[PDB]
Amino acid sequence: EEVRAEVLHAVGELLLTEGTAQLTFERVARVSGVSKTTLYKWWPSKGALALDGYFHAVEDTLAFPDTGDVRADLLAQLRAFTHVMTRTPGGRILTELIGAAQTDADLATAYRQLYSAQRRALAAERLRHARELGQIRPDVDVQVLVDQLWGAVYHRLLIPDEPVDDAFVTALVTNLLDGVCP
């Protein structure tokens, strides 16, 4: 049934208020409905459950605006993205998961299937619409842009040699849209 909803909802609230440290099947099984091998059938791991619950928890906050101006909408989405990544547990949640995935193939697969593939598709989609209105050159690969935008933020988060601030986010978009050469 759609009972998968109540679970995701519970997991989402937990993740956004305290991270994954105490995210257990037992606890989730109570706060919501029933475990009964269910959670295990739907979600084979703690990471799977975390990823699924996380995706749906930030889905709306991270949705792309479409007011006709790619610059403004990209800035808007990236700023909502950086707020989630730097002001809520979202950043710590994803970096830990990304970290663990480097030596756990199933978790890596789950990360892409329950979170990253969809996020990238959502970004590429908004980018394609701009590319249609001729706001982005016809020969530009939108998937590359995703890595040069959100990817860049992920990078500073994973390897914090430099801070993720609004100036950073704004330069990301401006450098790309206007180019860095004279």
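Note that residue numbering follows the sequence shown and begins at 1.
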Comparing 102-110 with 78-86, the higher average Cα temperature factor in the PDB entry belongs to 102-110
Stretch with higher mean Cα temperature factor, 55-63 vs 24-32, is 24-32
Binned into thirds over the chain's modelled residues, the C-alpha B-factor of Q118 lands in the middle
Chain thirds by Cα B factor, record data; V70 belongs to the middle
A5: C-alpha B-factor third of its chain, per the entry, is the highest
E132: CA temperature factor from the record, placed by chain third, in the highest
Temperature factor at the Cα of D139, chain-ranked in thirds, falls in the highest
